[PDB]
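See below for the structure under consideration.
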Amino acid sequence: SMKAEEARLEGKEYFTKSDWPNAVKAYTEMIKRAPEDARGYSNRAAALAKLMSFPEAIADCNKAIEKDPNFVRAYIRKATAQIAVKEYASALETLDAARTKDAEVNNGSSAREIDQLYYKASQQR
Amino acid sequence: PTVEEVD
């Protein structure tokens, strides 16, 4: 809907200005207005992660994954949150899935980021 | 990187 789209733009503006709590609020509205749109979940996760609200961020990334399995960013985001909460083994699994999807849908464009997350997860484990 | 990006 147009109002979901306004909420996504508002979100993006708040996020851009590092106003995390207002981004959370905007993405919650995006999610209410377009509950099947994976971007709202991933986007709210991004803001919750900046707030160090990791269980919530991870739950939203999981929901984004359910709504759009080709949404590579959700996988990368989730792994990053899993590293933050020392779920290393899980992160490495999530990164394996992200690398595969990244090749399939993005033709490798996020490979560098995924490989450095993988390295970081492996070493801390 | 992803933690700096929104859609």
Side-chain angles (χ1 to χ4, degrees):
Chain A
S1 88
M2 287 188 297
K3 289 184 149 159
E5 180 70 2
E6 162 183 21
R8 179 186 79 71
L9 291 164
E10 288 168 15
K12 170 156 64 36
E13 186 67 8
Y14 282 135
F15 189 90
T16 291
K17 301 266 116 186
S18 313
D19 183 350
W20 318 125
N22 278 321
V24 167
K25 181 155 293 181
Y27 295 132
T28 298
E29 176 177 13
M30 190 181 168
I31 285 168
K32 164 172 201 224
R33 308 286 214 146
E36 292 305 294
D37 185 343
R39 298 176 298 171
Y41 300 101
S42 170
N43 287 344
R44 190 168 61 189
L48 289 162
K50 287 284 188 178
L51 290 174
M52 320 294 275
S53 285
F54 296 110
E56 295 88 358
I58 287 162
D60 273 344
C61 289
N62 283 140
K63 199 75 84 168
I65 288 164
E66 306 177 14
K67 296 309 174 183
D68 185 5
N70 304 313
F71 192 18
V72 173
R73 185 117 79 193
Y75 300 93
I76 296 169
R77 205 178 302 284
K78 179 178 168 177
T80 67
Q82 288 174 131
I83 287 169
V85 294
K86 303 190 194 303
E87 294 286 354
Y88 307 115
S90 295
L92 284 166
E93 275 169 2
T94 301
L95 292 157
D96 276 347
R99 187 187 318 102
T100 290
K101 282 292 160 107
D102 179 68
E104 288 169 4
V105 9
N106 298 159
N107 287 109
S109 59
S110 281
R112 285 184 191 94
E113 174 173 21
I114 291 172
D115 284 344
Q116 65 93 26
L117 294 171
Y118 195 91
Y119 184 64
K120 170 174 70 137
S122 180
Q123 305 291 117
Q124 315 182 184
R125 189 191 180 172
Chain B
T2 294
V3 297
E4 315 292 358
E5 302 275 14
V6 286
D7 285 85

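Throughout, protein chains are lettered first and strands after them, A, B, ... in sequence-line order, and every chain is numbered starting at 1.
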*asked:* A/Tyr118: which residues meet the ring-ring contact (aromatic ring centres under 6.0 Å, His included) condition with it, sequence neighbours left out?
replied: none
_Atom pair CD1/CG of A/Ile58 and A/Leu48 - distance to nearest 0.5 Å_ = 11.0 Å
*Testing A/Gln124, A/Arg125, A/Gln123 for side chain to side chain donor-acceptor pair (under 3.5 Å) with A/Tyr88, which one passes?*
A/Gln124
*Does the salt bridge (charged side-chain N to carboxylate O under 4.0 Å, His left out) test come out yes or no for A/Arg8 and A/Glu5, once each step is laid out?*
CA-CA 5 Å; A/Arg8 179 186 79 71; A/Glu5 180 70 2; 2.8 Å; yes
*Identify the heavy atoms of A/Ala91 and A/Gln82 that sit nearest to each other, and give their distance.*
CA-NE2, 3.5 Å
*Does the pair A/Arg39/A/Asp37 count as a salt bridge with the N-to-O cut at 4.0 Å?*
yes
*B/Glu4/A/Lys50 salt bridge by N-O under 4.0 Å criterion*: yes
*asked:* Within the 4.5 Å heavy-atom criterion, are A/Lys67 and A/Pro35 side-chain neighbours or not?
replied: no
*Quick one: are A/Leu117 and A/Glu113 in side-chain contact, heavy atoms under 4.5 Å?*
yes
_Donor-acceptor check, side chain of A/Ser109 to backbone of A/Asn106, threshold 3.5 angstrom: yes or no?_
yes
*With distance as the sole test, does A/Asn43 use its side chain to make a donor-acceptor pair with the main-chain N or O of B/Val6 at under 3.5 Å?*
no
*Please collect all ring pair (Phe, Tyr, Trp, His ring centres under 6.0 Å) contacts where either partner lies in residues 5-34 of chain A, sequence neighbours excluded, each pair once.*
A/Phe15-A/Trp20
*For residues 41-78 of chain A, which residue pairs qualify under ring pair (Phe, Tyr, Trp, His ring centres under 6.0 Å), counting only residues two or more places apart or in two chains?*
none
*Might you point out which heavy atoms bring A/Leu92 and A/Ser122 nearest each other, and give the distance in Å?*
CD2-N, 3.7 Å
_Over all atoms of both residues, closest heavy-atom pair of A/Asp102 and A/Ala111_ = OD2-N, 3.2 Å
*Determine whether A/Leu9 and A/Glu6 make a side-chain contact, defined as any pair of heavy atoms from C-beta on separated by less than 4.5 Å.*
no
_Rounded at 0.5 Å granularity, tell me how far OG1 in A/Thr94 sits from CD1 in A/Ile65._
7.0 Å
*Is atom NZ of A/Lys25 surrounded by more than 12 heavy atoms (other residues, nucleotides or ligands) closer than 6.0 Å?*
no
*Under-4.0 Å salt bridge between A/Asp115 and A/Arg112*: no
*asked:* Minimum heavy-atom separation for B/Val3 and A/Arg77, please, with both atom names.
replied: CA-NH1, 4.0 Å
_Which heavy atom of A/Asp96 sits nearest to which heavy atom of A/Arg99, and what is that distance?_
OD1-NH2, 3.0 Å
